[PDB]
Structure formats: structure tokens, C-alpha cells
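Take a look at the letters that make up each chain.
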Amino acid sequence: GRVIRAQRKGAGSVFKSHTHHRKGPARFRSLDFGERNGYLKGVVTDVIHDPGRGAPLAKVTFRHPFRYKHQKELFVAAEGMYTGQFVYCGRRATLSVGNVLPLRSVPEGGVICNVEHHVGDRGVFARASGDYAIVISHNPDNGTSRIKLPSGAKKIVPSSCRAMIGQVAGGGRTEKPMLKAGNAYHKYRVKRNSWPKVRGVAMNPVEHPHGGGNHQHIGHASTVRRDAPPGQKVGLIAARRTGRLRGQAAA
Amino acid sequence: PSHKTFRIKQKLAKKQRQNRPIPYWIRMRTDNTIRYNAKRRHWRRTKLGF
Amino acid sequence: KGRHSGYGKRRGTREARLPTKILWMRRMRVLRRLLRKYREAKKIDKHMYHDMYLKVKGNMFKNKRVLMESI
Amino acid sequence: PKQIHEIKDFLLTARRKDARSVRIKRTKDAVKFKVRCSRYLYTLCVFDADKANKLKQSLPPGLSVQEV
Amino acid sequence: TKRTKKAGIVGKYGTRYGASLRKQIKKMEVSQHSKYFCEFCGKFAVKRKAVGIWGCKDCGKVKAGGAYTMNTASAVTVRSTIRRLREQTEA
Amino acid sequence: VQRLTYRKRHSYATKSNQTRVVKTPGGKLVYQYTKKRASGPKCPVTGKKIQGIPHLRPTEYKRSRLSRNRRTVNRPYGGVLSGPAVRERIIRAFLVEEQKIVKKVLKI
RNA sequence: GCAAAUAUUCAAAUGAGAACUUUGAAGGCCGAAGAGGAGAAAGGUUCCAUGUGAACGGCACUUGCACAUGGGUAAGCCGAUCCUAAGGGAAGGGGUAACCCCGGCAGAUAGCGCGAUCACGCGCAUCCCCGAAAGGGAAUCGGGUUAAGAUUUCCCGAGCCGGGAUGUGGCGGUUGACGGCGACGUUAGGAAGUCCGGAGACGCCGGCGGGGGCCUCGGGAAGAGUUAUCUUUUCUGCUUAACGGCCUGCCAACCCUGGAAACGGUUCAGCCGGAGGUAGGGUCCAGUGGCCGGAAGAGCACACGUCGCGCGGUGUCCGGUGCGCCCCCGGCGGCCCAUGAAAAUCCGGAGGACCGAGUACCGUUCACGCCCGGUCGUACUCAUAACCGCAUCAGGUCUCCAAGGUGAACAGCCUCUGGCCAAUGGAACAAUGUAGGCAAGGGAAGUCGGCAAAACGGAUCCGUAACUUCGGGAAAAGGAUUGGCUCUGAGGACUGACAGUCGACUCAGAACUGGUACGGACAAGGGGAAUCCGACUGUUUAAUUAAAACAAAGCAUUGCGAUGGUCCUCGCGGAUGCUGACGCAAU
RNA sequence: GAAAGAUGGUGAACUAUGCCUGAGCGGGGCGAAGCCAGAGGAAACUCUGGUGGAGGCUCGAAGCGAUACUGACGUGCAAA
Ligand SMILES: [Mg+2]
Ligand SMILES: [Mg+2]
Ligand SMILES: [Mg+2]
Ligand SMILES: [Mg+2]
Ligand SMILES: [Mg+2]
Ligand SMILES: [Mg+2]
Ligand SMILES: [Mg+2]
Ligand SMILES: [Mg+2]
Ligand SMILES: [Mg+2]
Ligand SMILES: [Mg+2]
Ligand SMILES: [Mg+2]
Ligand SMILES: [Mg+2]
Ligand SMILES: [Mg+2]
Ligand SMILES: [Mg+2]
Ligand SMILES: [Mg+2]
Ligand SMILES: [Mg+2]
Ligand SMILES: [Mg+2]
Ligand SMILES: [Mg+2]
Ligand SMILES: [Mg+2]
Ligand SMILES: [Mg+2]
Ligand SMILES: [Mg+2]
Ligand SMILES: [Mg+2]
Ligand SMILES: [Mg+2]
Ligand SMILES: [Mg+2]
Ligand SMILES: [Mg+2]
Ligand SMILES: [Mg+2]
Ligand SMILES: [Mg+2]
Ligand SMILES: [Mg+2]
Ligand SMILES: [Mg+2]
Ligand SMILES: [Mg+2]
Ligand SMILES: [Mg+2]
Ligand SMILES: [Mg+2]
Ligand SMILES: [Mg+2]
Ligand SMILES: [Mg+2]
Ligand SMILES: [Mg+2]
Ligand SMILES: [Mg+2]
Ligand SMILES: [Mg+2]
Ligand SMILES: [Mg+2]
Ligand SMILES: [Mg+2]
Ligand SMILES: [Mg+2]
Ligand SMILES: [Mg+2]
Ligand SMILES: [Mg+2]
Ligand SMILES: [Mg+2]
Ligand SMILES: [Mg+2]
Ligand SMILES: [Mg+2]
Ligand SMILES: [Mg+2]
Ligand SMILES: [Mg+2]
Ligand SMILES: [Mg+2]
Ligand SMILES: [Mg+2]
Ligand SMILES: [Mg+2]
Ligand SMILES: [Mg+2]
Ligand SMILES: [Zn+2]
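Looking at the entry header, you'll see cryo-EM listed as the method and 3.4 Å as the resolution.

Before going further, it helps to examine the environment of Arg48 of chain E. Residue and element names in this part refer to chain E. Inspection of the secondary structure assignment puts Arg48 in strand 2 (residues 44-50). We classify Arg48 as partly exposed; its relative accessible area is 26%. As a C-alpha pair, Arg48 and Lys23 span 25 residues in sequence and 21 Å in three-dimensional space. Beyond its immediate stretch of four places on either side in the chain, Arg48 contacts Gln32, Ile53, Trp54, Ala67 and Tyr68. Within polar-contact distance, the side chain of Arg48 engages the backbone oxygen of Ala67 at 3.4 Å.

Right, let's talk about the sheet that holds strand 2 of chain E for a bit. Where strands meet in a sheet, backbone hydrogen bonds hold them as pairs that are either parallel or antiparallel. Across the sheet, which stays open at both edges, the four strands sit in the order 1-2-3-4 (chain E) with antiparallel pairing between neighbours. Strands with a single pairing partner mark the edges of an open sheet, and in this sheet they are strand 1 (36-37) and strand 4 (62-64) of chain E.

Here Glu35 of chain A lies in helix 2 (residues 33-36). Relative accessible area serves as the criterion here: at 3%, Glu35 of chain A is assigned to the buried category.

Moving on, we come to the protein's contact with RNA strand G. With respect to spatial proximity, 247 residues lie near RNA strand G, and among them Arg53 of chain A, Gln16 of chain B, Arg32 and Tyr53 of chain C together with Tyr12 of chain F are the closest. A share of 73% is what sugar and phosphate atoms reach among the atoms of RNA strand G within 4 Å of the protein. Interatomic distance of 3.3 Å between a side-chain N/O atom of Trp24 of chain C and a sugar or linking oxygen of RNA strand G. In this structure, a phosphate oxygen belonging to RNA strand G sits 3.4 Å away from a main-chain N or O atom of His55 of chain F. Broken down by element, the residue count for the surface near RNA strand G peaks at eleven residues, all from helix 2 (residues 20-41) of chain C. Of the residues contributing to the surface near RNA strand G, the split by class is 81 nonpolar, 74 polar and 92 charged.

Reading the values: rules and limits
- Residues numbered from 1 in each chain as written, not as in the entry; some residues may be left out.
- Chains lettered and ligands numbered in written order.
- Part of a larger assembly, values for the part shown.
- Heavy atoms only, no water.
- Helix = DSSP H or I, 4+ residues; strand = E, 2+ residues; numbered from the N terminus.
- Buried < 20%, exposed > 50% of the residue type's maximum accessible area, 1.4 Å probe, protein only.
- Contact = heavy atoms within 4.5 Å.
- Polar contact = N/O pair within 3.5 Å; in protein donor to acceptor, adjacent residues only side chain to side chain.
- Pairing = 2+ DSSP bridges.
- Near = heavy atom within 4 Å.
- Nonpolar A, V, L, I, M, F, W, Y, C, P; charged D, E, K, R; others polar.

Put into C-alpha cells, the structure is as follows:
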């Protein structure tokens, strides 16, 4: 055979990320003394649309804690933020939509976004458009907390992980039908070369395990094992089940 | 082209001075074999390729 | 003198020969500048100026003769 | 490219160094007094014939007066 | 003149894309164009500027919002929850 | 009608290759090459224009090319911020500086 | 066999020899998205002159892009150079048996920098170089000129930028200017480390306004053409650059007085207003706008008269227009699950460390003055003959300029500027061909198959079915009119419900008329009833398959919460990732 | 005299796809939201005329492509 598209995507040749107009990494602030042990006042200046990402970005202009200059930080906008708002960072930031607090300071039941995972890695969960994590519970004997991620999973995170209270903006975006291959194309230009996506069944055997045959069919079980060598692991990987999801399994 | 590098102009100079039929007098030097200039080049036939 | 036109010397559609949008644009600037001339000459006070202005926008009047008769 | 308006200033800008010359072009209705310094050509449009004559006299001795 | 019996904003798509796809994009073609009330100056001058970004023309304030409506019901629940949760622990 | 030709070896009609047709003392039409339209300065606070300064391509604002008067506005923060913006900054500075000592009053 | 791209002919001249050269008269073609004028690439001397035995120019030659001998490419202002983008190479380090491979891995990082030396202090961020003759960009215009160079390289004139010092004058010292209520104004008007902001710097589409150029109309002046006859006629031209000063001040934006409902203002459309409209009055901005300097001495056009780049003279005026075409600009409106590049360079601002006189000294981003401006490219073609296709090959190859008529029109058809008649010629009209027509009666009976061709075709008025996702079908179908001439009517602007002047165009109707011809050339849908397939638009085997195939939106399934999923690497490591479940991945 | 096998290198000047930066696409036809007026209504909102100018809409110029004659040529103008 020959190397298969699922294998060709790891090269970087044409499949790299189309990031010429992206506005930079959207993440929190470098955690420091002031924001360990108090609050810092920063002011939003603009809500800028970040290309290739559904969530708006908020330019936040802090004042540098110990040198004399501004700090243009760049957050993932929580639905509610507006220009001119004061967002406060730290542990004694009041629980206001837009402020970022450690989880030691979010009462249980509260919605948060952009959750860090190792204290100071600047936000990894609940970041895409319109997704949030609920702080289910706390454990102060180990200094940890638990959250319900967007996926429906439940992760124990350090109680000093920061989080932006609220939910990410841009929610409800994936409800609108695109209705056009044109819309799909203009969606994927600014993310990466991953569209149009050709059915394997309409390929020749030399480039896809489903390929060939006087009719179009897979010809063998489309569920492949977890360990199958790269180039064989195409189809439905390590599937626990298939068919339309009914009943409890659809939870 | 009209915008040519000085290297290419430098080498066009020499590929110009290398086009003349052999002098009239060489042909009588003693025990001579050079008959015509077998290294002619024409602008329309044999492109320099550089 | 109006010669050489007609239904055989005509080979464009009405819109292409003279857009309905340009007819509208001219006739609106006409009626409207008449209305401003009246409102400045005090033949109209501002209230029936505004009422006739919205009616001109709304196409009751097809020419300044009837805009003047109805004023 | 620079025109001066008052005869006293034209005289002053011609009774200086760098005054290379003074062209004088008489045309219909007027005379034009153009003094050539380094950067700018200074020009004066004059109307009274006797006053133009007085200026013609008043040019500093030495400054080559071309007559066309 | 009434110009479309039922289509409305989705009449531009013409005879394509299917009855239900048109009928289920109509409700969000309307919302992403509608003028929403601006709470900072009281005008109806907020119109979508980009996906998730709703800006007002007079007061220059631009406000991160839903994808096609300025205020999503989910963020309304969120705002009420956050205020309740703040106030029960401030005391 | 006496067609035209470019005067430089730039044969493509990019933004930088703007052309203006002029008729010369010879009765002959030539091109002149023009600058591109520049925006001129804008207030960060409002985004509006900034009054009192022309709209020049940035290099030709250089100190040795314009008169100083033509490049600045004699106000505090003038030539970067607009009149309303400076007015609102003065008001906000005053009100917040006075509020600070009104908040030091309440500490008793 | 030399056959597409309409076309050639007559005198003359040179020459041993003329269809092929040159001149002149004629006749036609390209018909301005050109067979015209310039370039990018690529070529390399093909460019120009003088000559020429051969060869070559698929016939011919006096001829040439052939052969020989000479000539030709001038820059402070056009470029390259400078900056960065996608991206590339790399020092330290890590890998590799070694060639080679990795650049964010963070290492006393490659560069240190800034005031200062009569030395030292301060800062060191995200830290090298390369990368565009279409992106960003210090600065130039007009008229001449050579056999061949230049539009702006040379020449005459007029400027501009950068850098280097310096001299005179002026400006400020309430130390660091004045005016205005305000927007802001005046060509002068301290500022170190530090910080901030703007320009640079941005998608497509609709439509409106303006500016420049062209076109069109009329008058005036010059010359040319027509004239058996009619023509105040027809044709050509009547120009004004950068640069400096003044004036104006569009459409937006902004300031001051003032206080709006009986709501008003305004757009083709929007929209705007107690967060202050209408109004009165101001500021600023564009300008490819007006006047003046540049500048009539230049250029053109006529008119003469001088032998030999002579010289002399006259003119180089005045209005009006527009759904008009090109370029640009302004400001609105729209579209986006797409928001539409970076940096050099420049300007502005915050703060105010530190500084000085008034028999005189510290500045001055002001005026004028002096000097210097380096290296490389520069001729020519840019194509049915200078590039690639073994060619002087109907192929292919990125652009700018773009007149008149008809017409909706950059369709076609004819013309002017400009360019050509280069495609081997002579005789004849046989078959068979290739391209194009026409046919009585019949109209698919031919044929596998209505293949090919014919019929319809513009526009105005009327009418428009089944079916339908209620958006379409739809130009459905079926009808009628169309010329030319003479008129009638309607539709406006400016100036002082009327009067004066002007007005390029569109739309209705009537008469008269003709061998019933009128979208008179050109251009220009045949229609309907149903089935099968694919939803549609899109893409596909370059050189036999354009499709029912692929993509697609929609639906669904699977893996994965970073110590992870899919994938690449010989290794160190990397792609998705500037990512995070509304995400990546696999079907 | 092969079809092949291998070692090391050379090619994206054609073409394939991604990206950066520029250029380009007359004239017409249908008539979507929005806004205006008139008329109607207890209301909800409806009827009539405008305006507006949407769309991977449509006839079509330059462009790009290649369906049909299975036309010309087929030792061609041309290895399309
Ligand atoms: Mg793809
Ligand atoms: Mg799919
Ligand atoms: Mg598929
Ligand atoms: Mg297949
Ligand atoms: Mg296989
Ligand atoms: Mg198969
Ligand atoms: Mg089977
Ligand atoms: Mg060749
Ligand atoms: Mg009629
Ligand atoms: Mg209309
Ligand atoms: Mg342009
Ligand atoms: Mg000023
Ligand atoms: Mg024969
Ligand atoms: Mg032949
Ligand atoms: Mg064109
Ligand atoms: Mg040409
Ligand atoms: Mg021959
Ligand atoms: Mg020649
Ligand atoms: Mg470089
Ligand atoms: Mg460049
Ligand atoms: Mg450039
Ligand atoms: Mg900027
Ligand atoms: Mg740009
Ligand atoms: Mg006003
Ligand atoms: Mg001007
Ligand atoms: Mg816009
Ligand atoms: Mg040259
Ligand atoms: Mg040249
Ligand atoms: Mg070859
Ligand atoms: Mg016409
Ligand atoms: Mg035409
Ligand atoms: Mg017959
Ligand atoms: Mg039959
Ligand atoms: Mg039969
Ligand atoms: Mg039969
Ligand atoms: Mg049969
Ligand atoms: Mg047929
Ligand atoms: Mg039908
Ligand atoms: Mg299809
Ligand atoms: Mg289409
Ligand atoms: Mg094929
Ligand atoms: Mg085919
Ligand atoms: Mg990874
Ligand atoms: Mg073997
Ligand atoms: Mg390529
Ligand atoms: Mg290529
Ligand atoms: Mg164009
Ligand atoms: Mg079409
Ligand atoms: Mg076309
Ligand atoms: Mg054939
Ligand atoms: Mg044959
Ligand atoms: Zn608002």
C-alpha cells in the first residue's frame, strides 16, 4: 500500500495550523505574589474576534506589579464581559462574572471557565465557545477540588487552580446549520487543512484499508483494536459499542 | 532581462568576446590545423543555458 | 425631435435604458428640494413639511405639479 | 517659485550674497524681476514704468542684469 | 406589499437547502441581525459585530455575548447563580 | 486618443503604483505617480479623527520636512488624544483623587 | 505536397536580374480585452550604421532577427540596496558511527546598548542572519536631444531628500512664546533615563457624492478639405508639469449660544436628537479645486520674409453639459461559525532628573547661507519570427493605457490615431474532398439514437398550468406590436402659485406613407408530457471515459480531560497545539 | 535480448495540495430582509403601492474549462 492520510497528517507538511491572523495565545496571567496574596485591578480594552476560534478574546491591560509598564494580557471572553469593565485577578477577587479566582474561593455549585490544571498553567478546561465547569465539591484536608468538565467527566484539580467565573462567550454557535459547503470551507481554511474529507470506502486498497471492491463496502469489521499499528488504526478505534445510542448508554 | 545581475552581465561580456571568426592570419602559422571557429554560438540556436 | 426611437429601434430593457432607481432618485430629489424651498419660503410650516416629506418618501406624489396642488 | 511683493524686500534679497543674477522679462502689461539665489527663485511683478526704471537703477552694481 | 407568505429572512436562500434546514436557520438569521437594547445608553443600537461580539454604535461599548443573541438564556441562569452565590457568602 | 504608458519598470497596478493622468505644457498626457491615501492620526479613546493635523504618508511628517505648528495641537495630551477625551480624563482624575481622601475620611 | 488568419494593383527608382527592395497613388485588414504604445519573466547584443562570395531566410531577394567590421546602455531623486510574511540557515545544547539531523531546549545566548571619556553610571525583557526588482518604502518635474541612450539618467530651467559642519539674522528667558470661551491658530517656543499612543496597516460586495483625464455640444480665431449644385459647413489644433504662497473648505468629524411634543432634521437607502436635535455661528480635513510664482522666454499652430540648427509676426480664447467610460477619494449600507498580515521608518504625548543671562549667556524642531551624495541594473523583443514547444511551429506565457457609430454593452458589424497587406506565385473550373449556402411535394418515413442542420431568439403590452421545501416553476405555455416622416403631450434647473433664461435626455399617444416591410446587417431561448440517477452550486482520469463518479450541507457512530487520543522520527523530538470537548481525532 | 532486484543521489520551471503577498471577473433578469405611505382592524395584525438590492440565484462579455459534431488534421500548424 502507501501511507494513508491519517498517517500523512503527522508530518506537518500541509496539515499545520493556519495561524497567520490569530491574535496569540489566549491564557491567564503569570501567577505572582500579588495574585497569590491579594487582587490586581485590570481593565478590559477591547473584545477582539480571534480568527479560527469561536470564543472572543478580551484584551486586558493590567498594570505591571513591579515594573513601570502596562501588561496587555489576553483572555478568553466570558459571556458578560464588556469594554471598560474592571476584571480583578487574585484570591480576594470578589465573585463577579469576569474576575479570576482560585478554586479555594469559588463556592460549590459555581460555574467557571478556563480552568488551570497545574497551578499556573494558565487555563486548560472549559475554554471553547459556550462551555463551563461547575465546582462540585471541595476537600480541604488535601487542598483539592472537583469539577464537572464539559465532557461530563469529573476531575480533581488543585484547590489553588485559578478560574474565570462565568461561561465562555460565543455559546450556541454550533447550533446554526452551515447549509453550504462554502460555509464549511471558510470555516476550515482558518483552522487547518482538514476538509474536504473523503470516504475511505471510495479509495483504492493501496491507500485505505476500506478500499476497493466491485461494490463499495468495508469488507471487514470497522472496529479496530487499540494497539493496531499506525496505518491500520483507521475506522472506529477501540469502540466499546456501536449503533445508535439508546437508553442509559446515551447518558 | 533588463534587470540582470552583475555576475550575469560579467559573463555575458566574455561570452560576447568569444564570438569572432578566427583571425585571418592564424591560418598561416606553421604546421597549423585550426580551420574555422568550431565554437561559434548563435543567440537563436544554442542558448547559453545560464 | 423624438425620431429614431420606438419598438424596433429599442433593444434594451426599460431598466437598462433608464433605471427605475434613477427615475426614483431624480424625482425624489425634485420633490424634496421643492419641499425645502417651501419650508424656507414659509409657504409651509415645519409640521406639514414633515407630513408631506414622509408622504413624498412614501410615494403619493408622482410629480411636482401634484405635490404643489396637494400642498 | 517664491514671489516677493514689496520692492524694499526684493532689493534686500538681491543685495545679498548668493544673488547670482536678475533676469528681467517685460511682457504685456507688466515687468517681471526674477532674482536667482541658491534655493529659491524670487520673482516680482511690477507695473509702473518709471518705478520699474528706478528698480533697474537700484540693483547693486555687479549683479549681472540680464535683460530678457 | 406582503412579499413572502412564510419565508421571511430565509427567502434569500431561494429554493435550496431543504424546508426544515431553512425553517430552523430562520430563527437565528433573525436574531443575529436584530437590534438589541444596550443597557449602558438605553438605545436599541446593539448589532452583531462578530461571532460572540455585540457592540453598540453610540456608546462605543462592545460586549461579549452569545453567538446569535446578545443574551443567552444559559448566561442568564449563570448571572443569577453567580450573584446568589456571591451574596450568600459575602455576609 | 493618445493612450498612456507607465514611466517606471513597475508593470503591475498595485496599491503602491497609483497613477494620475495629467496634461503637460506639451499638449501631451503623461502619468504622475501619487502617494497612497493615508489615514492620519486617530484618538485611541474614541477612534475619531484628530483635528489640526493633515493626513500625510508617515515619512513625510519628519521634523525636517514640516513646520512644527502643522504637526501638533497645543493642549496637554494634544496630538494623541482628542479634546473630549482629555476633558473626561481631567474629570475622572479629579473625581477619583478627591474620592480617595473621601475614603480616607471614612476610616475612623 | 507548399491551401486557416479577407488583398492586392499601377507608375517610378535602384539592380546583371523585381511579385517579394524602396518611394508615390490607390484598395482593404487589425477596429482599440488591437495584428497599436509600454513592461515583469526569460533571452543576450538579437538594438543602430556601413557593406556582403558562400550558407540560412522550406519560393525568390538588391533583402534580413542571416554574415563581416564598427557603435551603443550615463541616476544623490527610477530601481536593487533597507524592512519584515509564508518560510529558510544557523552559534551554545541534544542526537548521529559519520555525512548529516533538531531551534526553543534557555545557555554567564550569540549584540550588549544608552547617556557618558577628562569616567562611569543606568538599563539588558521574547535577544543572530536570510527571505518580495508585484507587500512596507528619503527625495523629480517640464521642454529639448542621438543612426541606436534617457519620460525623470544626457542638455536648459525649476525643485526636493539625506548626511556634515558651520555663519549671519531672528525667537524665548514670568527660565523654557503668544492668540482663541472652545474646537484650534501662528513657518521660531529647553528635556536624560522611563513609559504610552498613532500612522505604517489592510476582506469582499451594493449604491450615492466629489476630483482628475477622455468623450460629447455651442460660440470665437488659425489652417486644410468639398463646392455642375446645397452646406454660417466638415476636419485638425487653441496646452500649462513638479514645486512655493494665498483662497476656498466638499462629504464626515468637532466647538460655542440655546433648549426641543403640536416631535422634528435628513438619505437613492439608512439614520440622528435631553448622552442636547432643528437654528445661528465657528474649527479642522481632502483636493488630481481657483489665482499667482514656475511661465511664455517653453510647446503647438499658422503667416512671412533670410542660403548655412537665422531671424521676424500673430494666436495660444468663451461657455455648458452627463444613469457617459477610466483612475482615485469621501462617507454610508451589507456579508461572515471567514473579522480579512508583520516589521522597518516617522510623528505625537506623559514625567521633568539636569541646566542660564541681562558690557550678556544659555538654548533655539525658525529664516537664509556652505559642502557632499558611493556600488550594480539601464540598448532591444515581451511574440501567428527575439521566451519555452529539437523551427522564423495556428501551441503555451503575468500585466498597464483603450477613441467614434449602432446597441442594454469592453457582444457583434463599420471608421479615425497607430500598424500592417508578412504568410510562394501563374493558368483552369473535372471528379472526390474541406468550410458555407439554397431547394419544389412530404416532414424523421433516414437512423441504434432527430447525430447535423433548420425553426425560436431583442424589446413593449397581455396572459402564464400541473406541481411545490410555498422560495420556485417562469423567459413556462399562448398571443399582439416593432419601420420612416410630421407632430401632440408628460417628466426639470437656475434668477427675480407668476415672469426670464436654459435643458441633455427618457416615456406615452395620433396622423401620413410604403410592392405588409420594419429586433430588415449583426446579436439572439425551440417548446411541452413523463421516467431513472445525483439533492442543489462545486471537482474529477493533462493526451479516448465529465458521469449516475467524488465533495457537499444534513444525520450518526468511536477514541480522548495533558501522566491524553490520532500521527511522524534512525534518534534526540515533533504535527493537531498561538489547541482543550460548542475541541482535536477516526469512520 | 528481458519484466525485474538493490546502493547512492536529482528533480514541485509542468502538475498535486497548504500557506505568504499582489492582480483580475462588461451588460442585463428575478426581486429576500429592512424602511415609507395609503386603506382595514377591539386587538392580533392584514390588503395595495412603493422603496431597498440579498443570493456558493439566473441569460452573458474577458477569463477559466472541454460537452457535441464521435467535423478538420491524423508521415498534421500541433508528440493533443
Ligand atoms: Mg484539502
Ligand atoms: Mg463529514
Ligand atoms: Mg464523506
Ligand atoms: Mg474508485
Ligand atoms: Mg491495505
Ligand atoms: Mg473496499
Ligand atoms: Mg458481502
Ligand atoms: Mg525558440
Ligand atoms: Mg411610443
Ligand atoms: Mg427597484
Ligand atoms: Mg488600482
Ligand atoms: Mg496644527
Ligand atoms: Mg504536385
Ligand atoms: Mg496543407
Ligand atoms: Mg481593460
Ligand atoms: Mg505589443
Ligand atoms: Mg529560400
Ligand atoms: Mg534591425
Ligand atoms: Mg533582507
Ligand atoms: Mg521590495
Ligand atoms: Mg513594492
Ligand atoms: Mg497601530
Ligand atoms: Mg498591506
Ligand atoms: Mg449645526
Ligand atoms: Mg492640487
Ligand atoms: Mg464596512
Ligand atoms: Mg534606460
Ligand atoms: Mg528601454
Ligand atoms: Mg529544449
Ligand atoms: Mg447610446
Ligand atoms: Mg464594442
Ligand atoms: Mg425541401
Ligand atoms: Mg426518428
Ligand atoms: Mg429503417
Ligand atoms: Mg424509425
Ligand atoms: Mg430502434
Ligand atoms: Mg444537435
Ligand atoms: Mg416546466
Ligand atoms: Mg450533481
Ligand atoms: Mg450559478
Ligand atoms: Mg480524459
Ligand atoms: Mg472527456
Ligand atoms: Mg503531543
Ligand atoms: Mg526477487
Ligand atoms: Mg510551484
Ligand atoms: Mg510553478
Ligand atoms: Mg481594470
Ligand atoms: Mg450561469
Ligand atoms: Mg463571461
Ligand atoms: Mg474526431
Ligand atoms: Mg488525410
Ligand atoms: Zn449603547
